[PDB]
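Shown below, as structure tokens, is a lone chain in the form deposited in one PDB entry; questions about how it binds or moves come after it.
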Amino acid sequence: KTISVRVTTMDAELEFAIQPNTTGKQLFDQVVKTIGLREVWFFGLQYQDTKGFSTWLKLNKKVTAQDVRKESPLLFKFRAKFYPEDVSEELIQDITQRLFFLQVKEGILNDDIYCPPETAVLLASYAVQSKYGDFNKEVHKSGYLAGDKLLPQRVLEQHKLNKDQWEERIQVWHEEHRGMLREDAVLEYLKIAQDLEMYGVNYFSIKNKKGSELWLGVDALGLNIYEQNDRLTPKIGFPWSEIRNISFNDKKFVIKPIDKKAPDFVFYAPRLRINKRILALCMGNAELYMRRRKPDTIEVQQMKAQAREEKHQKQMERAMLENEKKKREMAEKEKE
């Protein structure tokens, strides 16, 4: 019979009925056609397996054949598994940018991605411009941001400041953003966020030959070896340009160099399950490193034209809606 399923993007609940033969590819394809996403290479479908682990659904296999729970409907969360090297030069669509913004903002607010307090204030101002739009003294009274989770909890519990003083700080920058489109505010958030040291870094706990505990960061640029305490600053770094090959077997991982007059890098991770995820993320981040170098697609080009013209059509439908709003606001003035 048909198996019900739910997909939640950062801002949408979705319902599908899937046959027992449906593959992750066929499911994912109905998800992206529904929301209009074409920049599909960054994204995946995440779920909780039969051991409560968050896992990425594989698209070359049947959904029901994967370690999915005895739940009806089956739950999936549509998320980004890969990140761009530059948001402004790679996130074409509004749906792509919006989905990234929400997901990264979630990481920041949660403290998963470290964010200095002064940077969080600027970030929250762009998030406020995205949600509210241009600051108005007539509509944004003292207390307008009390209802919003705006800063990371390490920021709030480090500094004396209460909801009032913190709002005062953000509102200065919200005022400063007067004139910005909400979609450009979204893009400005992403441009500051992506410069965070932990941004778009998948960490894993590893050990070197000697047995000392370390962090492995897998990202769009390469692999990095961090210390047990400092996961902000890597100690050793391998760009995807110097990596010739990545493999693992019975906990031992070996990264082979491009320059064969250079040694191998050996590191050790303990779970088969995570090791498969390290390898898959390695494989995908290296495929994307190269694509980003080989010149732009005669599909990407057509989508960039599509998203650019749709942007001028948004700023024509919103231009005609502003003229009606400005006429109705002036008419409703002489009432009291």
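From 1 onward, residues are counted along the sequence shown.
Just so you know, the form solved in complex with a partner chain exists too; it's not on screen, but the next bit is about it.
Proximity to the partner chain in the entry with it bound, defined as a heavy atom within 4.5 Å, singles out one entry of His140, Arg182, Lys77, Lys81, which is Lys81. Although the partner is absent from the chain shown here, none of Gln103, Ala307 and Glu310 has a heavy atom within 4.5 Å of the partner chain in the entry with it bound. Remark: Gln46 does not count among the residues lining the partner chain in the entry with it bound, judged by a heavy atom distance of 4.5 Å or less. Taking the partner from elsewhere, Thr55 is found to have every heavy atom lying beyond 4.5 Å of the partner chain in the entry with it bound. At a distance threshold of 4.5 angstroms between non-hydrogen atoms, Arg69 is out of contact with the partner chain in the entry with it bound. Although the partner is absent from this view, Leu37 stays clear of the partner chain in the entry with it bound, with no non-hydrogen atom inside 4.5 angstroms.
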